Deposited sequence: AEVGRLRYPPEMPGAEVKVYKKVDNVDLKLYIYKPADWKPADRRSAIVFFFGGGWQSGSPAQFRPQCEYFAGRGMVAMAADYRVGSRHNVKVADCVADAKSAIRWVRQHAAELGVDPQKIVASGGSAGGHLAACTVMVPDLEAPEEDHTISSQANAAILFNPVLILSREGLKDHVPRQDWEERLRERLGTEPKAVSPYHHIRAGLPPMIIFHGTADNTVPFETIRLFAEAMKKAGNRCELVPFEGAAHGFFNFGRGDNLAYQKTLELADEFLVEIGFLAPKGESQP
């Protein structure tokens, strides 16, 4: 995972300038893309503990979805190792990415109500925040344009960041680590009716993010009346879905299931 990545075949757009860094989108268009198209879009956020990682992680998935007619992109965002930020800054960057795609939907050939947020682990957390967590800051961007994604596809996300409703000192410690009140960046704590649809892929033998946290999330989302499809991968570990692991079997399966989810919600045309 090189940073910055090459991302061969990607067009590069700076979606945000902040702390003297240009944050980029690596954009993959379908071969028949034309101006004035209104395609569904997907924005992928890499994983890495909000500390490290690279948009290269989701290059294969971007190529797949561009092949299916989406405008597919991988977003850079600030991380601890490179930028000395905390989780709340990462969340602001992810929201800025969705905002930017919506703002620029016309020139991207994109339907601004068919923008999917996606990511792995910490990036799956970010994608979830774009669907369901209120904005915590108003950066220098179009405030009239919503940051909220229209759907999410999450690969073993972190979804519970506060222990409330499940130690005042631990919540104080988390406040310092996250850059805000832990509940304010905890998707689980913002479960309500009327949220965008999503699909989640999670291994049952995940020792980083316990499967039980995701089962609790999905159960509560379903009780609130939301479409929240949880696909367990029996015995699979954290990062199982990545391109280049386990003969690409879980990679291919998550794409197949994600594709069908996007068909189900009317963001993709059926194959053939």
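Asker: Lining up the deposited sequence with the coordinates, I want the ranges that have no C-alpha atoms.
Answerer: No coordinates exist for the deposited residues in 1 to 5, 172 to 176, 283 to 286, so these stretches are absent from the model.
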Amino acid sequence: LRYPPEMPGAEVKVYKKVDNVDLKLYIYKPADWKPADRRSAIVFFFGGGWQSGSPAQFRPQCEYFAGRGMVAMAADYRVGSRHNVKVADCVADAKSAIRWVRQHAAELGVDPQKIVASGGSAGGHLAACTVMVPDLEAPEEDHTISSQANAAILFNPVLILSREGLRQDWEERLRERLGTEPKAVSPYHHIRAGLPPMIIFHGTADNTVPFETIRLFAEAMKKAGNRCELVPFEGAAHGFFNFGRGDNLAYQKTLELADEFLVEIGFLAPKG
From here on, numbers count along this sequence of modelled residues.
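Asker: Looking at the deposited entry, does 239 to 247 or 24 to 32 carry the larger mean Cα B-factor?
Answerer: The deposited B-factors put 239 to 247 ahead on the C-alpha mean.
Asker: Comparing average C-alpha B factors as deposited, tell me which of 222 to 230 and 38 to 46 sits higher.
Answerer: The entry gives the higher C-alpha B-factor average to 222 to 230.
Asker: By the entry's C-alpha temperature factors, tell me which of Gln148, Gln168, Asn156, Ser96 sits highest.
Answerer: Of the candidates given, the C-alpha B-factor peaks at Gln168.
Asker: Would you mind finding, among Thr130, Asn84, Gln113, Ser121, the residue with the largest C-alpha temperature factor in the entry?
Answerer: Across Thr130, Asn84, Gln113, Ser121, the entry lists the biggest C-alpha B-factor for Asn84.
Asker: Could you place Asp19 in the lowest, middle or highest third of its chain by Cα temperature factor, using the values in the record?
Answerer: Its C-alpha B-factor belongs to the highest third of this chain's values.
Asker: Which third, lowest, middle or highest, does the CA B-factor of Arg175 fall in along this chain?
Answerer: It belongs to the highest third of the chain when residues are ordered by C-alpha B-factor.
Asker: What third of its chain, lowest, middle or highest, does the C-alpha temperature factor of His189 fall into?
Answerer: Middle third by C-alpha B-factor.
Asker: What third of the chain does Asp89 rank in for C-alpha temperature factor, lowest, middle or highest?
Answerer: Tercile = lowest for this residue's CA B-factor.
Asker: By the record's CA B-factor, is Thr208 among the lowest, middle or highest third of residues in the chain?
Answerer: It belongs to the highest third of the chain when residues are ordered by C-alpha B-factor.
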